[PDB]
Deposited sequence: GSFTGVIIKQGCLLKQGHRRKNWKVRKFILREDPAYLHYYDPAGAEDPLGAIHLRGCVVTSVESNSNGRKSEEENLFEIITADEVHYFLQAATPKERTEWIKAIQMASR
């Protein structure tokens, strides 16, 4: 069951550039998979949300810090979309 999907920009870890990715949030277990919007069917990666912390912080930025301390910086297109994503991620992290 897919709780939420949509696109966000995601910042790279070393080079700080922002790329559009499609995100799919699932809840049992809680994963945020992300995919190249124009490319491969296979996911590029997945974020394990159990125990993560998400915070509002370019604008409409927010950050996820996972249980193993990885930081992901994301940017929504509007403040409303940021608010919705943060709320959905928090709920799924429980």
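Taking the first deposited residue as 1, the stretches without any C-alpha atom are 1 to 5, 63 to 72.
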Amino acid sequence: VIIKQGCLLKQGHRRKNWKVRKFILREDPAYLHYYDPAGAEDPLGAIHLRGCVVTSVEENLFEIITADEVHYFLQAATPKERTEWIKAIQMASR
From here on, numbers count along this sequence of modelled residues.
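Higher mean CA B-factor, judged across 35 to 43 and 65 to 73 from the recorded values: 35 to 43. Annotation for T83: C-alpha temperature factor in the highest third relative to the rest of the modelled chain, per the entry. Among all modelled residues in this chain, the alpha-carbon of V57 has a temperature factor (C-alpha) in the highest third.
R15 sits in the middle third of its chain by CA B factor, as recorded in the PDB entry.
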